[PDB]
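J.: Below you'll find the structure I mean.
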Amino acid sequence: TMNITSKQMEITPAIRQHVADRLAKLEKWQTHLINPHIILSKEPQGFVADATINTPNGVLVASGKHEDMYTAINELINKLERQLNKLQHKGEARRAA
Amino acid sequence: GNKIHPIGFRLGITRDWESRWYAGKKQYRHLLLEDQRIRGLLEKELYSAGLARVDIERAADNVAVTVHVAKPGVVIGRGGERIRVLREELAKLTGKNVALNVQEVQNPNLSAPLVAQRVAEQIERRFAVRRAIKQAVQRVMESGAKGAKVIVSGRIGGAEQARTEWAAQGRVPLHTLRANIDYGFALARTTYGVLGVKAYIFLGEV
Amino acid sequence: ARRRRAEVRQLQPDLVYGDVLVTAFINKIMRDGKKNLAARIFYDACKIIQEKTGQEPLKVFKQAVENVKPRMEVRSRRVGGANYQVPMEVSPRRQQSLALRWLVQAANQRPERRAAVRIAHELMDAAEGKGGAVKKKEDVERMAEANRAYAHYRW
Amino acid sequence: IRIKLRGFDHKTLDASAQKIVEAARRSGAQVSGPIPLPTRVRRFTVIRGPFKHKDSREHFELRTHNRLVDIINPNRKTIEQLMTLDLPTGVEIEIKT
Amino acid sequence: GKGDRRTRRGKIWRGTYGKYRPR
Amino acid sequence: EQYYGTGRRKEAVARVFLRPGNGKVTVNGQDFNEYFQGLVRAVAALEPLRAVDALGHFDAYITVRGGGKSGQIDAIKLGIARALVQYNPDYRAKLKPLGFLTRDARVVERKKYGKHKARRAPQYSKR
Amino acid sequence: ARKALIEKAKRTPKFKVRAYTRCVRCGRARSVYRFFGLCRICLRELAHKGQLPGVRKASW
Amino acid sequence: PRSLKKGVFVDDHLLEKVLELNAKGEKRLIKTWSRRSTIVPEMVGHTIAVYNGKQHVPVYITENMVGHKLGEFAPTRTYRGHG
RNA sequence: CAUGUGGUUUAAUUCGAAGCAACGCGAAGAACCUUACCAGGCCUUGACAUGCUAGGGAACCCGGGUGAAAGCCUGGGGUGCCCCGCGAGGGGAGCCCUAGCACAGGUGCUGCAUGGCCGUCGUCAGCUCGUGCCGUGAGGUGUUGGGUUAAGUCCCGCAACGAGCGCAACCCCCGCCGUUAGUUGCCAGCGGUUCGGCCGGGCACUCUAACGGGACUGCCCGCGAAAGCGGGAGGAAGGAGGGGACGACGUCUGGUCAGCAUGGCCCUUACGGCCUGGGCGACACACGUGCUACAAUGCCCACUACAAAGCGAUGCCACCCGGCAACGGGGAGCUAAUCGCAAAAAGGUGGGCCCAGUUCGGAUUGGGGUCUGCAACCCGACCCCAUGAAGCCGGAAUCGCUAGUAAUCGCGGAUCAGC
Ligand SMILES: [Mg+2]
Ligand SMILES: [Mg+2]
Ligand SMILES: [Mg+2]
Ligand SMILES: [Mg+2]
Ligand SMILES: [Mg+2]
Ligand SMILES: [Mg+2]
Ligand SMILES: [Mg+2]
Ligand SMILES: [Mg+2]
Ligand SMILES: [Mg+2]
Ligand SMILES: [Mg+2]
Ligand SMILES: [Mg+2]
Ligand SMILES: [Mg+2]
Ligand SMILES: [Mg+2]
Ligand SMILES: [Mg+2]
Ligand SMILES: [Mg+2]
Ligand SMILES: [Mg+2]
Ligand SMILES: [Mg+2]
Ligand SMILES: [Mg+2]
Ligand SMILES: [Mg+2]
Ligand SMILES: [Mg+2]
Ligand SMILES: [Mg+2]
Ligand SMILES: [Mg+2]
Ligand SMILES: [Mg+2]
Ligand SMILES: [Mg+2]
Ligand SMILES: [Mg+2]
Ligand SMILES: [Mg+2]
Ligand SMILES: [Mg+2]
Ligand SMILES: [Mg+2]
Ligand SMILES: [Mg+2]
Ligand SMILES: [Mg+2]
Ligand SMILES: [Mg+2]
Ligand SMILES: [Mg+2]
Ligand SMILES: [Mg+2]
Ligand SMILES: [Mg+2]
Ligand SMILES: [Mg+2]
Ligand SMILES: [Mg+2]
Ligand SMILES: [Mg+2]
Ligand SMILES: [Mg+2]
Ligand SMILES: [Mg+2]
Ligand SMILES: [Mg+2]
Ligand SMILES: [Mg+2]
Ligand SMILES: [Mg+2]
Ligand SMILES: [Mg+2]
Ligand SMILES: [Mg+2]
Ligand SMILES: [Mg+2]
Ligand SMILES: [Mg+2]
Ligand SMILES: [Mg+2]
Ligand SMILES: [Mg+2]
Ligand SMILES: [Mg+2]
Ligand SMILES: [Mg+2]
Ligand SMILES: [Mg+2]
Ligand SMILES: [Mg+2]
Ligand SMILES: [Mg+2]
Ligand SMILES: [Mg+2]
Ligand SMILES: [Zn+2]
């Protein structure tokens with residue numbers, strides 16, 4: 001199931017759960033999110049939400065950066081979505097000819 | 001960080017150990033240890049001589065340390081004064097037959113570790129770091145080397161952005177084992193930190 | 001790999017029959033590199049297919065081979081938007097290789113207790129034309145035939 | 001009537017055996033040639049970097065090669081001028097009988 | 001069983017000796 | 001009185017002593033068949049003389065040391081093959097196309113740092 | 001805790017077990033070779049400079 | 001365990017204190033740092049204060065508790081469960 | 001089941017690594033120590049540096065009280081010197097004490113201030129410079145192009161002609177051969193042969209470790225403008241002989257202030273220092289690496305063979321004995337081509353198990369012992385009796401490996417008292 005690392009930061013089970021809830025957006029696609037991995041970090045610049053997920057047709061790797069941690073967490077999601085959606089439909093592009 | 005140390009890499013091919021001796025299973029760790037404390041003292045004082053090697057020879061509770069160096073007089077002393085005052089200081093540490101010699105160096109500008117401290121020094125003198133390096137390689141080629149490559153790292157000129165400058169000239173084939181390339185490192189201090197001056201002198205291939 | 005085609009490894013003929021084919025079949029019985037153990041079993045089996053059927057183990061062996069060599073097979077190849085079962089003839093080389101593999105495999109799928117026995121029996125049934133090995137062979141050939149349709153999609 | 005040679009360097013262990021071979025063969029009488037004894041190898045393996053990076057070590061060794069000579073029919077014309085013998089630095093010598 | 005301390009095969013593994021593997 | 005070749009294989013070396021006779025063979029003072037008892041690999045340790053009609057015509061006193069029961073076997077195959085070619089230098093063809101006249105240099109490749117053996121890499125994971 | 005620590009190492013213990021190797025060169029508590037008195041980083045450094053006799057890079 | 005050839009172990013600085021209390025007759029709070037120490041038939045009836053890392057734990061001793069060490073009855077880890 | 005990690009728990013569960021390139025990673029040895037963490041008792045020029053100044057005497061060795069130890073208290077026996085020394089007798093300086101004062105010290109922070117060292121893309125075939133040339137210019141040319149190669153490898157072509165860092169080569173191992181070398185190693189033939197290459201004797205052979213040789217697409221044929229490619233011979237090896245060492249300009253504001261060095265910021269009876277104890281080993285859970293299995297190509301007892309590289313003077317320990325054994329008591333050999341670790345295991349002959357949650361499997365637990373160690377409660381490895389779990393070949397997903405490889409079997413070493 002799903003894992004989260006808070007690198008050189010202290011975070012709460014609240015904050016963790018929200019992150020659970022956020023990755024859910026991906027569930028839409030109805031493919032398997034296998035051992036998703038979220039890593040949250042603080043740069044000088046603002047925070048960073050990393051993610052690496054294997055699904056039956058490939059992996060998601062992403063990085064969101066923002067002054068707001070939550071915003072960074074979302075940007076992470078925006079990138080992941082895109083990747084996954086392209087993962088699920090790059091197939092269909094070449095059906096004919 | 002990729003590159004191999006070009007001296008550890010020629011050891012017993014084009015460059016021979018800075019310590020030649022055997023010592024047994026039971027002694028080596030202490031034997032080597034003096035050689036180290038010996039070199040600290042020696043390099044500590046003999047900086048001002050411009051020393052480029054400290055050899056240590058041993059047989060049986062006695063050692064002949066050869067010092068090769070740029071300006072031998074500073075080591076020798078007042079008409080013979082320091083040299084022994086050091087064999088004195090020496091076997092204070094050594095406690096055995098500390099037989100100190102000297103050697104002169106024909107060209108300090110064809111001895112790498114020298115060229116290195118020189119330009120390392122210049123930067124502490126608040127000098128123009130691009131130009132220093134430019135000249136170091138420029139002097140070493142006028143001094144006849146087959147190749148030359150000086151390399152400075154760190155907050156150059158004082159910058160907040162750690163930068164890494166270098167120039168080189170002729171050939172400096174670090175991949176070649178038969179090529180003799182002298183390498184020497186000087187670590188320069190400034191008010192804002194450490195800059196890493198590396199020197200590469202290719203002298204000739206056997 | 002990419003560049004030039006690989007070379008067929010040459011086997012050292014076995015020190016009982018001197019047959020190149022026999023060698024391969026032993027090594028297919030070989031597990032963990034313990035070759036002698038595997039060598040034992042092949043011969044063990046011949047002991048059985050000599051007594052249990054009164055003539056040359058060897059001859060029976062090469063028949064079980066010709067009777068498990070599959071001639072046409074399918075090789076999946078996506079055309080357009082569907083994965084097609086494409087019919088193709090098995091290279092001579094590969095008929096052997098396969099027919100070997102299936103022989104042993106079919107065997108280990110058996111209830112008689114020593115490996116020594118099964119390799120005999122399977123090699124017995126398959127030599128005539130019966131046997132779980134042939135069942136794999138027979139099947140592989142129907143798959144080819146049924147799909148005769150998609151055979152201009154051969155490469 | 002025999003000498004034993006232990007050092008880290010081989011151009012020297014060979015050169016010094018070679019000369020003692022020449023010392024007592026000239027100076028009388030019989031010398032059983034410099035025998036090349038099997039080298040005992042002290043090896044060192046060490047992780048290249050200072051922190052993490054487990055699978056990139058550097059490989060080091062310490063060859064201590066052995067040498068034995070015999071001066072067969074002794075004749076202390078030799079046994080004298082061996083106290084007058086020129087031995088390099090990186091070799092230690094052993095004599096018993 | 002390369003891990004059952006109580007056999008010949010086992011004391012070889014665990015690099016020991018006992019009743020089931022004497023010297 | 002005698003014929004010799006030196007046989008090698010992996011870390012195994014074979015000293016072969018041929019002396020024409022009833023064809024009988026010995027390994028380290030021990031009977032051939034007694035030494036390789038139950039190793040089918042054996043009968044081609046004596047193989048190269050069969051490439052030259054020589055089974056019973058020569059005997060074999062044989063020393064062997066190092067390696068394993070089989071590379072040893074292999075080196076013997078080289079060593080006896082070696083000796084028949086000194087005994088009879090017109091034996092080049094009819095031993096060399098059979099390849100007996102060579103010594104496969106195929107030895108254990110080194111265990112490397114970062115791997116598990118010579119080549120078996122360690123198992124990793126993207127996710 | 002550094003020089004305070006390298007010092008506690010130098011001195012003789014209140015019991016015999018507490019003998020622990022430090023590097024003589026940098027003070028490192030871990031990966032310290034008996035044969036040299038050095039930890040593996042230091043070990044590597046001098047050997048590279050050449051200040052380690054017989055010690056060369058092994059290639060095989 | 002600890003070898004039988006050697007002697008069943010007490011810290012000496014505790015053993016004496018045990019027995020200094022035998023002379024006058026028990027019973028004192030013996031604050032201790034000695035989990036290392038076996039419980040001894042001479043310790044029965046006493047209540048030794050065993051140090052677990054934070055606290056000197058009041059520990060009563062009886063007949064059934066002789067072979068064990070002093071640290072067993074001042075456990076060290078606090079764990080009320082998970083969640 | 002072992003180990004790392006996420007997490008939660010906690011007095012504390014020290015800290016860093018973070019997709020590939022963090023996760024049996026720094027840790028090539030956490031009971032104490034280590035050890036940076038917590039509780040508690042302490043220390044204030046201080047565990048260590050260089051000093052300046054007053055009181056002792058220097059310098060050292062030994063116990064006494066309290067105390068968990070640390071510490072707080074402490075009873076003792078003499079400073080050489082050069083001095084006025086016949087003596088009372090004072091100075092002095094290596095080295096300790098006590099009090100001050102400088103200062104020490106900090107694994108406290110910033111790898112987004114840094115040197116160094118490493119990972120990585122990548123052993124990938126690349127990255128550039130000089131001058132000329134083209135372009136107002138960023139920049140192009142060269143480095144593209146035809147062919148070839150493992151390759152910016154070579155050929156040919158060309159506004160280019162050269163050159164540099166890389167590729168290659170020179171270094172190491174294995175493969176064949178010769179030279180030198182003959183004990184502690186080797187033993188073909190003679191003699192003994194105490195039945196052990198044990199002795200005579202020899203270096204043949206085996207080996208040992210040093211020095212050269214050898215392979216160069218050289219030869220042949222064919223294809224080729226050429227470089228080269230296909231193929232045959234000779235050879236131990238043939239087209240790069242198999243492996244290693246070596247990693248371009250740079251990239252990832254990659255990793256490390258906790259190896260070290262280091263600018264700056266920060267602590268100063270404390271963010272330093274010492275010690276006892278606890279913690280780093282926590283356990284509703286999740287992940288990574290792995291060990292052993294689920295068995296008859298298998299398991300068990302017996303008997304029988306064949307390695308290699310290493311290590312070994314508070315060390316390896318033959319062999320003798322007590323012991324079911326771990327082990328213990330004796331005790332020979334060796335600074336080790338001698339003496340020892342030592343048995344290699346798979347394997348081989350034989351015998352039992354007869355398809356069973358078992359003669360599989362070896363977790364968990366009870367109980368009894370061994371060793372290290374000041375001490376194995378937390379928390380060591382090992383032996384023996386008993387216990388004899390999950391597990392019947394593993395979903396989605398997914399790792400390795402192209403030959404002496406994968407698979408499978410054992411052996412050594414580092415660190416280390418033990419583990
Ligand atoms: Mg990232
Ligand atoms: Mg899109
Ligand atoms: Mg099948
Ligand atoms: Mg690893
Ligand atoms: Mg069992
Ligand atoms: Mg197994
Ligand atoms: Mg060899
Ligand atoms: Mg047989
Ligand atoms: Mg192997
Ligand atoms: Mg420090
Ligand atoms: Mg220890
Ligand atoms: Mg240590
Ligand atoms: Mg935690
Ligand atoms: Mg930190
Ligand atoms: Mg990794
Ligand atoms: Mg450990
Ligand atoms: Mg601790
Ligand atoms: Mg502590
Ligand atoms: Mg950085
Ligand atoms: Mg960091
Ligand atoms: Mg850096
Ligand atoms: Mg230009
Ligand atoms: Mg234009
Ligand atoms: Mg112009
Ligand atoms: Mg340009
Ligand atoms: Mg380019
Ligand atoms: Mg260009
Ligand atoms: Mg081109
Ligand atoms: Mg290449
Ligand atoms: Mg080129
Ligand atoms: Mg061109
Ligand atoms: Mg010779
Ligand atoms: Mg070719
Ligand atoms: Mg190269
Ligand atoms: Mg960063
Ligand atoms: Mg630091
Ligand atoms: Mg700092
Ligand atoms: Mg300032
Ligand atoms: Mg402590
Ligand atoms: Mg603890
Ligand atoms: Mg840990
Ligand atoms: Mg494991
Ligand atoms: Mg059961
Ligand atoms: Mg059972
Ligand atoms: Mg414990
Ligand atoms: Mg079950
Ligand atoms: Mg079953
Ligand atoms: Mg499976
Ligand atoms: Mg299996
Ligand atoms: Mg699947
Ligand atoms: Mg490959
Ligand atoms: Mg092992
Ligand atoms: Mg060991
Ligand atoms: Mg150990
Ligand atoms: Zn160090």
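Residues in the structure tokens are numbered from 1 in each chain, the chains being A, B, ... in the order shown, and ligands are numbered from 1 in the order shown.
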Pull out every residue of chain H that has at least one atom within 12 Å of chain I, counting only C-alpha atoms (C1' of nucleotides), and report them as a VMD selection string.
T.: chain H and resid 1 to 6 8 to 14 30 to 39 50 to 56 67 to 83
J.: Taking only C-alpha atoms into account, which residues of chain F are within 7 Å of chain C, as number ranges by chain?
T.: F: 39-40, 43-44
J.: With N, CA, C and O atoms retained, write the just-selected residues as a PDB file, in the first residue's frame.
T.:
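This went into selection.pdb:
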```pdb
ATOM      1  N   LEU F  39      31.868 -41.372 -12.493  1.00  0.00           N
ATOM      2  CA  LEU F  39      31.870 -40.088 -13.192  1.00  0.00           C
ATOM      3  C   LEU F  39      31.947 -40.353 -14.693  1.00  0.00           C
ATOM      4  O   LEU F  39      33.031 -40.592 -15.227  1.00  0.00           O
ATOM      5  N   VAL F  40      30.795 -40.290 -15.369  1.00  0.00           N
ATOM      6  CA  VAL F  40      30.681 -40.665 -16.788  1.00  0.00           C
ATOM      7  C   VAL F  40      31.539 -39.775 -17.660  1.00  0.00           C
ATOM      8  O   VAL F  40      31.878 -40.117 -18.787  1.00  0.00           O
ATOM      9  N   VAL F  43      35.601 -41.491 -19.348  1.00  0.00           N
ATOM     10  CA  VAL F  43      36.110 -42.233 -20.503  1.00  0.00           C
ATOM     11  C   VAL F  43      36.674 -41.384 -21.650  1.00  0.00           C
ATOM     12  O   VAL F  43      37.213 -41.923 -22.622  1.00  0.00           O
ATOM     13  N   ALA F  44      36.562 -40.064 -21.539  1.00  0.00           N
ATOM     14  CA  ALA F  44      37.104 -39.180 -22.564  1.00  0.00           C
ATOM     15  C   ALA F  44      38.269 -38.394 -22.004  1.00  0.00           C
ATOM     16  O   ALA F  44      38.742 -37.435 -22.632  1.00  0.00           O
TER      17      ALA F  44
END
```
J.: Set the cut-off to 12 Å, count only C-alpha atoms (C1' of nucleotides) and all ligand atoms, and list whatever residues fall near ligand 48 as a PyMOL selection string.
T.: chain I and resi 294+393-394
J.: Skipping near chain neighbours, those fewer than 3 positions away, what residues fall within 10 Å of residue 71 (chain C) using only C-alpha atoms (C1' of nucleotides), listed as a PyMOL selection string?
T.: chain C and resi 68+88-92+94-95+137-138+140-141+144
J.: Once you count only C-alpha atoms (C1' of nucleotides) and all ligand atoms, which residues end up within 9 Å of ligand 41, and could you hand them over as an MDAnalysis selection string?
T.: chainID I and resid 4 27 30 280:281
J.: Set the distance at 10 Å and use only C-alpha atoms (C1' of nucleotides): which residues neighbour residue 36 (chain G) once local chain neighbours fewer than 3 positions away are removed? I'd like the list as an NGL selection string.
T.: (:B and (25 or 27-33)) or (:G and (23-24 or 32-33 or 39-40 or 42-43 or 52))
J.: Would you export the selected residues with N, CA, C and O atoms as an mmCIF file, in the first residue's frame, please?
T.:
```cif
data_model
loop_
_atom_site.group_PDB
_atom_site.id
_atom_site.type_symbol
_atom_site.label_atom_id
_atom_site.label_comp_id
_atom_site.auth_asym_id
_atom_site.auth_seq_id
_atom_site.Cartn_x
_atom_site.Cartn_y
_atom_site.Cartn_z
ATOM 1 N N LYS B 25 54.632 -6.813 9.747
ATOM 2 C CA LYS B 25 53.305 -6.973 10.335
ATOM 3 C C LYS B 25 53.137 -6.279 11.706
ATOM 4 O O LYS B 25 52.089 -5.693 11.998
ATOM 5 N N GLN B 27 55.205 -3.784 13.028
ATOM 6 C CA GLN B 27 55.767 -2.432 13.176
ATOM 7 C C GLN B 27 55.143 -1.340 12.300
ATOM 8 O O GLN B 27 54.933 -0.206 12.765
ATOM 9 N N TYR B 28 54.857 -1.695 11.044
ATOM 10 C CA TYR B 28 54.356 -0.776 10.004
ATOM 11 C C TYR B 28 53.496 0.388 10.512
ATOM 12 O O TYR B 28 53.763 1.543 10.175
ATOM 13 N N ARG B 29 52.507 0.103 11.354
ATOM 14 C CA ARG B 29 51.616 1.173 11.791
ATOM 15 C C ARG B 29 52.299 2.269 12.605
ATOM 16 O O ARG B 29 51.899 3.434 12.514
ATOM 17 N N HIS B 30 53.289 1.896 13.422
ATOM 18 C CA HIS B 30 54.073 2.886 14.174
ATOM 19 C C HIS B 30 55.134 3.510 13.258
ATOM 20 O O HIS B 30 55.415 4.711 13.309
ATOM 21 N N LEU B 31 55.726 2.658 12.429
ATOM 22 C CA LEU B 31 56.782 3.059 11.508
ATOM 23 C C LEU B 31 56.337 4.148 10.544
ATOM 24 O O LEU B 31 56.997 5.175 10.365
ATOM 25 N N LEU B 32 55.220 3.871 9.897
ATOM 26 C CA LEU B 32 54.528 4.844 9.078
ATOM 27 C C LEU B 32 54.142 6.102 9.853
ATOM 28 O O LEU B 32 54.143 7.195 9.292
ATOM 29 N N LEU B 33 53.792 5.939 11.131
ATOM 30 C CA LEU B 33 53.265 7.042 11.939
ATOM 31 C C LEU B 33 54.269 8.169 12.151
ATOM 32 O O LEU B 33 53.948 9.351 11.971
ATOM 33 N N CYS G 23 41.327 6.047 14.233
ATOM 34 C CA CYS G 23 42.303 6.345 13.212
ATOM 35 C C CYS G 23 43.305 7.220 13.944
ATOM 36 O O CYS G 23 42.931 8.012 14.817
ATOM 37 N N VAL G 24 44.576 7.088 13.596
ATOM 38 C CA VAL G 24 45.605 7.879 14.259
ATOM 39 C C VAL G 24 45.710 9.225 13.578
ATOM 40 O O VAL G 24 46.178 10.206 14.177
ATOM 41 N N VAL G 32 38.542 1.106 10.824
ATOM 42 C CA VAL G 32 39.960 1.342 11.145
ATOM 43 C C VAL G 32 40.820 0.084 11.038
ATOM 44 O O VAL G 32 40.639 -0.879 11.790
ATOM 45 N N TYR G 33 41.773 0.125 10.111
ATOM 46 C CA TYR G 33 42.692 -0.977 9.863
ATOM 47 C C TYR G 33 43.841 -1.087 10.879
ATOM 48 O O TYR G 33 44.654 -0.163 11.045
ATOM 49 N N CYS G 39 41.948 4.748 9.208
ATOM 50 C CA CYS G 39 40.626 4.435 8.666
ATOM 51 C C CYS G 39 40.697 4.429 7.123
ATOM 52 O O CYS G 39 41.619 4.999 6.520
ATOM 53 N N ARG G 40 39.705 3.825 6.485
ATOM 54 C CA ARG G 40 39.770 3.585 5.043
ATOM 55 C C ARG G 40 39.856 4.819 4.139
ATOM 56 O O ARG G 40 40.342 4.720 3.020
ATOM 57 N N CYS G 42 41.505 7.816 5.049
ATOM 58 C CA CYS G 42 42.910 8.159 5.231
ATOM 59 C C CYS G 42 43.775 7.131 4.524
ATOM 60 O O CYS G 42 44.691 7.465 3.763
ATOM 61 N N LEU G 43 43.448 5.872 4.785
ATOM 62 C CA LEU G 43 44.111 4.742 4.160
ATOM 63 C C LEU G 43 44.349 5.005 2.694
ATOM 64 O O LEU G 43 45.467 4.902 2.193
ATOM 65 N N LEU G 52 52.639 5.325 1.446
ATOM 66 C CA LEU G 52 52.374 3.962 1.915
ATOM 67 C C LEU G 52 53.198 2.928 1.135
ATOM 68 O O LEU G 52 52.855 2.606 -0.019
#
```
J.: Pull out every residue of chain D sitting within 6 Å of chain I, counting only C-alpha atoms (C1' of nucleotides), and send them as a PDB file with C-alpha atoms, in the first residue's frame.
T.:
```pdb
ATOM      1  CA  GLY D  33      70.821 -20.173  -6.521  1.00  0.00           C
ATOM      2  CA  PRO D  34      68.488 -17.350  -5.376  1.00  0.00           C
ATOM      3  CA  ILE D  35      65.184 -19.236  -4.944  1.00  0.00           C
ATOM      4  CA  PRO D  36      61.953 -17.341  -5.744  1.00  0.00           C
ATOM      5  CA  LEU D  37      59.627 -18.004  -2.779  1.00  0.00           C
ATOM      6  CA  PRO D  38      55.814 -17.542  -3.063  1.00  0.00           C
ATOM      7  CA  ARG D  48      36.004   5.067  -2.643  1.00  0.00           C
ATOM      8  CA  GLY D  49      33.880   7.904  -1.294  1.00  0.00           C
ATOM      9  CA  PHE D  51      29.835   8.809   2.708  1.00  0.00           C
ATOM     10  CA  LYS D  52      27.385   6.173   1.323  1.00  0.00           C
TER      11      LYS D  52
END
```
J.: Neighbours of residue 104 (chain F) within 9 Å (only C-alpha atoms (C1' of nucleotides); same-chain residues fewer than 3 positions away dropped), as a PyMOL selection string?
T.: (chain F and resi 8-10+107) or (chain I and resi 175+236)
J.: Among region 11-75 of chain D, which ones does DSSP place in alpha helix (DSSP H), written as a PDB file with C-alpha atoms, in the first residue's frame?
T.:
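Result file out_1.pdb:
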```
ATOM      1  CA  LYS D  11      63.362  -4.966  -8.505  1.00  0.00           C
ATOM      2  CA  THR D  12      65.365  -4.727  -5.269  1.00  0.00           C
ATOM      3  CA  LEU D  13      64.770  -8.166  -3.687  1.00  0.00           C
ATOM      4  CA  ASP D  14      65.933  -9.615  -6.986  1.00  0.00           C
ATOM      5  CA  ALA D  15      68.905  -7.213  -7.373  1.00  0.00           C
ATOM      6  CA  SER D  16      70.170  -7.881  -3.835  1.00  0.00           C
ATOM      7  CA  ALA D  17      69.841 -11.647  -4.013  1.00  0.00           C
ATOM      8  CA  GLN D  18      71.613 -11.407  -7.390  1.00  0.00           C
ATOM      9  CA  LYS D  19      74.566  -9.552  -5.712  1.00  0.00           C
ATOM     10  CA  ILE D  20      74.865 -11.938  -2.739  1.00  0.00           C
ATOM     11  CA  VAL D  21      74.696 -14.721  -5.314  1.00  0.00           C
ATOM     12  CA  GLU D  22      77.683 -12.952  -6.936  1.00  0.00           C
ATOM     13  CA  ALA D  23      79.401 -12.207  -3.546  1.00  0.00           C
ATOM     14  CA  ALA D  24      79.814 -15.786  -2.309  1.00  0.00           C
ATOM     15  CA  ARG D  25      80.205 -17.522  -5.751  1.00  0.00           C
ATOM     16  CA  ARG D  26      83.146 -15.329  -6.594  1.00  0.00           C
TER      17      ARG D  26
END
```
J.: Could you list, as a PyMOL selection string, all the residues within 6 Å of ligand 12, counting only C-alpha atoms (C1' of nucleotides) and all ligand atoms?
T.: chain G and resi 20-22+29-32
J.: Write the residues of the preceding selection, restricted to C-alpha atoms, as a PDB file, in the first residue's frame.
T.:
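This is the output file part20.pdb:
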```pdb
ATOM      1  CA  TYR G  20      38.722   0.605  20.482  1.00  0.00           C
ATOM      2  CA  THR G  21      40.747   1.427  17.382  1.00  0.00           C
ATOM      3  CA  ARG G  22      40.677   5.090  16.333  1.00  0.00           C
ATOM      4  CA  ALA G  29      35.840   5.532  15.259  1.00  0.00           C
ATOM      5  CA  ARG G  30      34.812   3.189  12.405  1.00  0.00           C
ATOM      6  CA  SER G  31      36.452   1.228   9.575  1.00  0.00           C
ATOM      7  CA  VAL G  32      39.960   1.342  11.145  1.00  0.00           C
TER       8      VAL G  32
END
```
J.: Would you kindly return, as a count of residues only, each protein, DNA or RNA residue with an atom no farther than 12 Å from any atom of residue 41 (chain D), considering only C-alpha atoms (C1' of nucleotides) and excluding same-chain residues fewer than 5 positions away?
T.: 17
J.: Which residues are near ligand 1 in this structure, taking near to mean any atom at most 8 Å from a ligand atom and counting only C-alpha atoms (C1' of nucleotides) and all ligand atoms? Format them as number ranges by chain.
T.: A: 50, 62-63; I: 19
J.: Report as a PyMOL selection string: the residues of chain F with a DSSP assignment of strand (DSSP E or B), based on the backbone of this structure.
T.: chain F and resi 3+6-9+12-20+25-27+30-31+58-65
J.: Could those residues be written to a file, using C-alpha atoms, as a CSV table (one decimal), in the first residue's frame?
T.:
```csv
chain,number,residue,atom,x,y,z
F,3,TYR,CA,56.5,-40.3,-23.0
F,6,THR,CA,51.8,-31.5,-19.5
F,7,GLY,CA,48.1,-31.1,-19.3
F,8,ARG,CA,46.3,-28.1,-17.7
F,9,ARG,CA,42.7,-27.1,-17.1
F,12,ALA,CA,44.3,-28.5,-12.5
F,13,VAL,CA,47.5,-29.9,-14.0
F,14,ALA,CA,48.0,-33.4,-15.5
F,15,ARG,CA,51.3,-35.3,-15.7
F,16,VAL,CA,51.0,-38.2,-18.1
F,17,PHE,CA,53.4,-41.1,-18.2
F,18,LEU,CA,53.0,-43.3,-21.2
F,19,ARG,CA,54.8,-46.7,-21.5
F,20,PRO,CA,53.7,-49.0,-24.3
F,25,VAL,CA,46.1,-46.8,-16.7
F,26,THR,CA,46.9,-45.3,-13.3
F,27,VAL,CA,46.3,-42.0,-11.5
F,30,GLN,CA,45.5,-45.4,-7.9
F,31,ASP,CA,43.6,-47.3,-10.5
F,58,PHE,CA,50.3,-47.8,-24.4
F,59,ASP,CA,50.0,-47.8,-20.6
F,60,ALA,CA,49.6,-44.7,-18.5
F,61,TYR,CA,51.2,-43.8,-15.1
F,62,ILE,CA,49.6,-40.5,-14.2
F,63,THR,CA,50.0,-37.8,-11.5
F,64,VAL,CA,47.4,-35.1,-11.1
F,65,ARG,CA,47.0,-32.4,-8.5
```
J.: If you count only C-alpha atoms (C1' of nucleotides) and all ligand atoms, which residues end up within 9 Å of ligand 2, as a PyMOL selection string?
T.: chain A and resi 82-83+85-86
